[PDB]
Structures are given as C-alpha cells and as structure tokens.
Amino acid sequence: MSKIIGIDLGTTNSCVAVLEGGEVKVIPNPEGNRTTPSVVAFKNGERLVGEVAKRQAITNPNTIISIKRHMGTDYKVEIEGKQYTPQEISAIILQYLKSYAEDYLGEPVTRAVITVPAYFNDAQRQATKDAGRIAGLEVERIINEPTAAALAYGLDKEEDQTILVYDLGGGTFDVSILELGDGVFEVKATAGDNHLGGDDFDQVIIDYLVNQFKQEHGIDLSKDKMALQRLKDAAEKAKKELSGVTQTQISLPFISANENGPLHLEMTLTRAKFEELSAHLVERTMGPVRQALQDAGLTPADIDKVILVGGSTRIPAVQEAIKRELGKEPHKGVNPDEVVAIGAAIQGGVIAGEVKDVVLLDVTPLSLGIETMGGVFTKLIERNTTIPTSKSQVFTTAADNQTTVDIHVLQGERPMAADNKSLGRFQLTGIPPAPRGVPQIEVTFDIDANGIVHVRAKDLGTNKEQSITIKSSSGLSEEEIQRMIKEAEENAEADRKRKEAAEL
C-alpha cells in the first residue's frame, strides 16, 4: 500500500519529501532539483510546470504565477477562452510532484499530507484538499506550515516551550508563535506581510540595473520582455550567490542595441551594495515580528526557540536582523527550503505507521504452584503469564531435621491445595540435618514455548536435585479450565483460609 508523501505546495516553490527507511528524504524532480517552481504555463496546449514554465514567465502571457494567492476564492484564470480555478492549476503542480515522487519511489503514490499557511480559512484549506483530489491524491491530512517546520526539528519530542517561526519565502512573510504543550502544538499568534519576499529582493536588483542602463544609454530594458526575463533570472542568481560570497558578476552580453550596434550590461554587485538596496525590505520584516509578540502577550524573553523557514532566510542581512531583534541565535539546522515538506513527510510516516493488527500469544491458562505447609496452595507462575517463562522460589524445611521435602505441583486459583488440580509429585531426599527453616530448596518451574512445564527442586547448599516434566493428559482443557476459573472467585471467602496462620 502507498506511502504518504509530504507536500509543501508553496506560493513560489513546491517540495515533496517521503519517509523511506527511517529517514525523511526530499525527492529530487526530473531535472535533479529538490524544489520546483509553483508555476504553470500553457504554451502549446501542453501544460508546462516547474523551471521550464518559470524560464518563460515574463516572455509568455499565459503563465500562472503564485496562484496560491487565489486559493479559496472564486477567481478564474482564462487561457485561450478557457477558465481554470485555482484548485485546478494547483492540481497540475500537484500531478507533477506526485509523478516524480512515483519515479523516485518506483511505485504509485496515492496519499499525501498537504501543508498550508496557519492563517488559511475553511475555503482556503478546502481548495487545497480539492486540488489534491483532482491530482489523484487522498489528502490524509492538512497541517500548517509553522507546525510542519517544528516537526522537522523534532520539537514535539521535547519539553513544553514557546517557539517563534520566522518564514520569509519568495512572495510572503509569516511569523507564528507556537507553544508546545505536552507534545502538541498550538498557534498563539500569527502576523505577516503577504507582499514581502525574495521576489522583492530581486526587484531591488532589477531596478538598480535598468536605471544604470537608462542613464548610460537612455534605454529602458524593462520595456523588452526578453531583456527583462534575462534580468529577472540574473538578478535572482546574483542575490543567491551573495548569500555565500561578498562579490558577484551580473553579466548580460547582447542585452540590447542602439545606433552603434550591440549593448552589453556588465557590472559587479557587492553584498554591501545589495544590502543597501534592500535594507528597507529587511526592516519591513520587524513589524510583523513585534505585532505577533503583542498579540501573544509575549516579549523576546518568552521565546525559547526561533526557527527559520524560507529560502530568503539564507540572506545574511536577514538572519542578522532577527538575531538582533530577538537577541537569540536562530535555528537553521534543517534546510529552510525543504523544512516544511520534511515535517509533512514525518506526519505522513506517522499516519502510515499506524498498526492495528493483533498477534496471537500463548499465555499460562491457570496459576501454577506447589503445596505448602497447612494444605495451602503457593503459586509461582500466575495465570495469563506469557510463555516461555521461568520462575524460581526458595522454600525451606518445616521441621527440624527434615531430610526430605515432598514437591506437590498444583494448577488452579483457590487458596487451599485441596481445591486445585494435582499435576504431579516427586520428592527431594538427602537434605543435611539442620534446624527448621534453615535449608534452602530452590524450586524452579520452566515452561517452554509449547506449554509444557518442568519442575526442579534443588538443595542450594548441596546442589542435589530432582525434577519431572509435568505432563499432559496434562489434565485440563476446555470446560474445566473456565469452571474452576469462575468457581474460585465465586466461592471466595474461605480465603478465610488465612485461618492457616497456624503459627509457629
């Protein structure tokens, strides 16, 4: 039966993870990348999704970007006179992800756990549950992104605590305060900016570039789709490189043309210059963090953990800003581009891991024991004990100078030996003379997996032993077993038999 893939169906990107072995694995798509653009293009009647669709987003007029902003709305996109709902376009993305998860698994995947923003309403959720179904997936669970991220860090396996997840994606900014209470998360606060994301950090670069070009050649590249698409792609690639390097080259040869021929755009962009251009974007990120603290009635001190989610969280200036705002070192331990999908796959594994199957197990049908001074039944192995089993009890002599002890093995539930079934008898002889209660005879009952019991009596000081395989015709089976099992609680109370404190 199918696995439950974890799906992060994001505004800019989507990611799918699955639990295989005992580890969560992020599934690479057809071209080897772990995240695929959440965009669909209808070029020539063929539905394109992923990078191939994003590569022509500026160039192609019917290309659908961030359709997630629509979900749960009666919005309609029209391509060549045909209307599609957000559920339908979300389904296409959905179908892609499911497909490549099947390639990777080498088997059909028909179940999933889909992730959504903590603030999605019923309409919004339902729209993504419906998208899953259109795509052919049984949506086992709709969990929210902040929680999925917490799951990826295994926070639900820890002590009660307050968590702040700072989520900066390609198009939106979300901050959620989660309070873990006895392994269960609760969203205390939510705040954000649904128009603050990596795309905007992109937009600063693109603007700086076309302006230098506007003042150096009097040409506005933002008016040429082909030039713009080249700019968009290059502005994003440069932003990313600036996350691990302080200097980078934006090289756009044959970008345009004038009276004298081809024009080339070449220029080195430093981290410092990029940070300068986007400093306002980084500050717009602080308000939602404070409003969320206010709503929860908290202060940076009440937050035990800050978690980072979103690819834009990789930006050095962004990490330094929340580090300074909260006074805590952010957790980036798990890939911020995959953290949500990873938490969804853990939940999927948990759902898929539920077993309700029963296993047969042999247990002792009645209490087993030995007769003890005064006609009382002394049990060694209680009723309903799992076999194989082995129990040992040390017994002693009743009178001064015993030589011998009679081991009478019984099976039943009542206190006096006379009311139980006799299973066998043997005796240990040659016990060195000693005062009463001084010699130590260890009797051990050993039951093998087939229910046969073997009794041994061993003089611990001498090491001489005797034993027998108490043994079937072994006596009781069907009725007799239940007849005695009732009758013992029934006639209860010659448990008066504590009259047997025939004392000493």
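In this text, residue numbers run from 1 along the sequence as written.
Could you settle it for me: does 424-432 or 312-320 have the higher average Cα B factor in the PDB entry? It is 424-432 that shows the higher mean C-alpha B-factor.
Return whichever of 126-134 and 364-372 has the greater mean Cα B factor according to the PDB record. Between 364-372 and 126-134, it is 364-372 that shows the higher mean C-alpha B-factor.
I'd like to know which of 191, 417, 245, 109 has the highest C-alpha temperature factor in the PDB entry. It is 417.
Whose CA atom has the top B-factor in the entry, of 34, 47, 458, 70? Comparing C-alpha B-factors across 34, 47, 458, 70, the top value belongs to 47.
Third of chain Cα B-factors occupied by residue 139: Tercile = lowest for this residue's CA B-factor.
What third of the chain, by the recorded C-alpha B-factor, contains residue 473? As the PDB entry reports it, the C-alpha B-factor of residue 473 lands in the highest third of its chain.
Which third, lowest, middle or highest, does the CA B-factor of residue 442 fall in along this chain? Its C-alpha B-factor, which the entry lists for residue 442, ranks in the middle third among residues of this chain.
Using the B-factor values recorded in the entry, state whether the Cα atom of residue 60 falls in the lowest, middle or highest third among the modelled residues of its chain. Highest third, going by the recorded CA B-factors of the chain.
Going by the entry, which third of its chain does the Cα temperature factor of residue 53 land in? It belongs to the lowest third of the chain when residues are ordered by C-alpha B-factor.
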